[PDB]
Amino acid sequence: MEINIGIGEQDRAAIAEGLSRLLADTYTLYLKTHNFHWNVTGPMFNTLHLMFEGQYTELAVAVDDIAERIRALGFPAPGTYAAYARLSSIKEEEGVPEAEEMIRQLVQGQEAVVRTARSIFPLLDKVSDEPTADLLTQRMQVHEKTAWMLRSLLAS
């Protein structure tokens, strides 16, 4: 059945392309957070195990909301290692860094996602897509909050 939601097909394709990078970034940050949840050690173990658990649990929900916005725009949601490797601007950590470096990478991850969200608004303006803009706004809120909580641990 044809889609008549007030946005033409190529404009929807462009928004979906942006949301696909956002999904890729969000999912890469999900897996990294999950990874650090399992692997962190040192005297901060209990606090960071729990903190990273709260984060990966939140991100798992965010990946589902982003992917379904893509579907609501009429396009397939990417969901493979190859697609996420290709589309993600966040780099993965292949080793087991010290707790402090883990916190530092996650701060940078939050901020990388904010960057990707900001990059999509020029498009939404010209095309007019308030739901997508509200989605990006919610992700920016969560990641900026999460970044304050993470960097606060590094404060002198």
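We call the rigid core whatever largest set of C-alpha positions still superposes within 1.5 Å between the two forms. The first residue of the sequence shown is number 1, and the count goes up from there.
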Exercise for the section: Overlaying the structures in 4 other deposited structures of this protein on the rigid core, point out which of 121-129 and 104-112 has the bigger RMS C-alpha shift. Expected result: 121-129
Fill in the blank from the handout: Mean B factor on CA atoms, stretches 118-126 and 32-40, record says higher is 118-126
Completion exercise
Per the PDB entry, mean CA B-factor is higher for 41-49 or 106-114, namely for 41-49
Exercise for the section: Would you please rank residue 66 by its C-alpha temperature factor against the other modelled residues of its chain and give the third it falls in: lowest, middle or highest? Expected result: middle
Problem - Assigned third (lowest, middle, highest) for the C-alpha B factor of residue 89 - result: middle
Exercise for the section: For residue 1, return the chain-relative third of its C-alpha B-factor as stated in the PDB record: lowest, middle or highest. Expected result: highest
Problem - Position of residue 137 among the chain's modelled residues by C-alpha B-factor, lowest, middle or highest third - result: lowest
Handout entry: Where the record places residue 59 (Cα B-factor, split into thirds across the chain)
Key = lowest
